[PDB]
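First, one chain by itself: the form deposited in one PDB entry, in structure tokens.
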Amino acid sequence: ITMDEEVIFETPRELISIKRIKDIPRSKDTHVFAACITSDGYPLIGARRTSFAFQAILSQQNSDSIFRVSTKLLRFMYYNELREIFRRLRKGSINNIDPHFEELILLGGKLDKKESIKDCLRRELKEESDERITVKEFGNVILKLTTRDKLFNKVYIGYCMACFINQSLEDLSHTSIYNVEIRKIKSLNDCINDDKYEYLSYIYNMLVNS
């Protein structure tokens, strides 16, 4: 990708614009994402601990005696989340479930006050991986990600850089991860059937092949 191509991807849930920019803004809480490449050359992706759908559902409750859920969202939730919703009612079965669902996200987080971009990336990578990810080298390319969530009608902005890390894929793939932010770190190329695979793959390719 050249300095001024903008590419717009669409999935059943998201529209996302990816555009190469020169500098990251820094205001209140800028969001910075790490596209991590392992020592053995694998692109990494996180499975968010809480799905976007279950986060939203929880935020929509307003009564101790009423629980409300759009059934369209059931296919975008984890097993434990579905169990929590239906734990008291316990009907025979439920419909529209995807047992393969995972909420794929680039690792990363919010920029602190007067925190450098690279320090933010190092710190968030450490927090989200239980101290198991360190950065050998940062890439040059900076992408701005603009995402519209089609289900909730919200727009999000973040910025992404490449992080070539010291760890191998296997280094991050024996021990389960205990974060409140992340339930798994895995190879993006183990996720070919995910709604997000095409645009995440594009991000990695643009960051390393430009």
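Just so we're on the same page, rigid core means the largest C-alpha set that superposes within 1.5 Å between forms. Just count from 1 along the sequence shown to find any residue number.
As the entry records it, the average C-alpha temperature factor is higher for 135-143, out of 135-143 and 92-100. Stretches compared: 181-189, 165-173. Higher mean C-alpha B-factor in the entry: 165-173.
Which of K126, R83, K114, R75 has the largest Cα B-factor in the deposited entry comes down to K114. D195: CA B factor in the lowest third of modelled residues in this chain (values from the PDB entry). The deposited CA B-factor of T38 belongs to the middle third of values across its chain. In the deposited entry, the Cα temperature factor of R68 places it in the lowest third of its chain's modelled residues.
In the deposited entry, the Cα temperature factor of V208 places it in the highest third of its chain's modelled residues.
In this PDB entry, the Cα temperature factor of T50 sits in the bottom third of its chain's modelled residues, the lowest group.
Below, we turn to the form deposited in another entry, even though it does not appear here.
A displacement of 2 angstroms or greater separates the C-alpha positions of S176 between this form and the one not shown, with the rigid core held in common. Relative to the superposed rigid core, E127 undergoes a CA displacement smaller than 2 Å between this form and the one not shown. Closer approach of the C-alpha atoms of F54 and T175, by 3 angstroms or more, is seen in the other entry than in the present form. Distance between the C-alpha atoms of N95 and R75: longer in the other entry than here (change of 3 Å or more).
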